[PDB]
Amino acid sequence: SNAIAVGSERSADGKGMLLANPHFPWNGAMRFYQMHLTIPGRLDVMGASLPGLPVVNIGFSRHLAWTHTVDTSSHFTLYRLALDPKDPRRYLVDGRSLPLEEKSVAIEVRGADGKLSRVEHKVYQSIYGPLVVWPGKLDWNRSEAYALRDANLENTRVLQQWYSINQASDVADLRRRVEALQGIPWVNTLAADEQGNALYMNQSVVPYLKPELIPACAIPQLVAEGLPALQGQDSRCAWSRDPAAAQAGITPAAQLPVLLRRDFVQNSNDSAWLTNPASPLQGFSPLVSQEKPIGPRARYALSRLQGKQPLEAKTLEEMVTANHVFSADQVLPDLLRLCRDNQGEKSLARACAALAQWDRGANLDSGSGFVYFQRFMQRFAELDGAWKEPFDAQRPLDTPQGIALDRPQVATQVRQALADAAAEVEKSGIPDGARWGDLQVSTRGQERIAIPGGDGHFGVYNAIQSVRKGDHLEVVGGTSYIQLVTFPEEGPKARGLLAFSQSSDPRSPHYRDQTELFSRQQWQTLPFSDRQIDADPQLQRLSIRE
């Protein structure tokens, strides 16, 4: 997901602006749905919601727009159990042997004969939660096992939380409402209001451990791998209880990152750290936010947002619709030099020509260079010390950069990676004349619609994930509900699309109508006022009661 909130100091009109570009699945239980909800006099909110929820999840109202991105905070902890040396179904806490609890569930299964059979399954549970196994990493042997405590299992406030956000007036009110209830399960929140405030909040449900407990309570090797794992054999490693928290064992709102500014805030799924580099967010628990190198989407956004230039709605829209493959800018100049150094190398000819001709985009008409680039980067990511300038914490926006072709072993490995990538591309069943939009599609009935964008891991702000199906790359997730909101005098002006269209049903008039528009990158008005709604020539009305 991407989000950018712009405040009065940078917006062209001196008022707030919000770009919402969540990246979510195109099918299933997390497929966005547009709607506008009104209880006249007390609720008037429009946006998109997730299946089965009678609230708006990402939206706007008269003076406010908000969105979410998936955060980097822990929302659970693993607990490594020390098993009773005499009994692998018992575990030790402060040296005392405790029994696992067993919960059986029964499931009905339809067989080959069409009849139901009953299957029973035993779920083992500790005081922390159920046991989990990842074969070869988190095993259950005679020495250890792993349990998982999910902080959101006790979060009964989630629906009330979005309903409250739906009633929020401005940025200040939204902050009070979120900090008061702490019902947000696993996302950041970013917002802008008419008055020109830009807000970032890493305000979600996060397991709490007091600072002094973390060094001894962590499983060092698992935490270094980004897994929130704690010592389950010590009672002192229980989540800390702070009476200021809305829920026992979670982090109080005052200890979670918030940034309120009048220029901009941004997030593309990295930690709170570089939300705005002019004011870094530091000093938080490793369970909350760490100073980790930012991904290429945030690096791209910051390269566009930094400075003193006015930010217009057009600026933010085009950051999505440009389909710039930002990861190319760290490596392609050197890759092209390598190509020119190897003009007598037949295994490289087609790859080098494609890379040279390529517009550095993931547009419909972007050439096969993008495909060669993707296969190359997959291999480049596996090479050791190939960066000319490795990541520099002092230069966190401009590093890593370049390929270290002046090191003979790197030059060799990079050329080999390019040759192997080329072999893989040419081994597939695509002509070099085919362009990106000929390959990446969304199927609608027996038809296919060409889809622009590319994987977020390649720094494409318009992130699109696709999987091989038949002869094409079928879109499975990414840019979904798009909302760009400004606040002119008449009322909020919202512009965007739902990329996969309102209906998942092929029979619907609304199965592919916005997908055609997404293909052409033609965003539309999201009508909110009665005037805007009444002006729509397609307007239909039904009143229902029982």
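Rigid core (definition): largest C-alpha set, two forms, superposition within 1.5 Å. Residue indices: 1-based, along the sequence shown.
Relative to the shown model and aligned on the rigid core, the C-alphas in 8 other deposited structures of this protein deviate most, among 220 to 228 and 172 to 180, for 220 to 228.
Superposing on the core and measuring CA offsets in 8 other deposited structures of this protein, the stretch of 428 to 436 and 123 to 131 with the greater mean deviation is 428 to 436. Legend: mean Cα B-factor per stretch from the PDB entry, 242 to 250 versus 68 to 76; the higher mean is in 242 to 250. Per-stretch averaging of Cα B factors for 279 to 287 and 130 to 138 places 279 to 287 on top.
Take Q306, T189, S143, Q231 and read off each C-alpha B-factor from the entry; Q306 has the highest. Highest C-alpha temperature factor among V265, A421, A180, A301, as the PDB entry reports it: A421.
Residue-level temperature factors show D173 in the middle third of its chain, judged at the C-alpha atom. Among the modelled residues of the chain, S442 sits in the middle third by CA temperature factor in this PDB entry. For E474, the recorded CA B-factor ranks within the middle third of the chain. Only modelled residues enter the ranking.
Ranked within its chain, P390 lands in the highest third, by CA B factor from the PDB record. Sort the modelled residues of the chain by CA B factor and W358 lands in the highest third.
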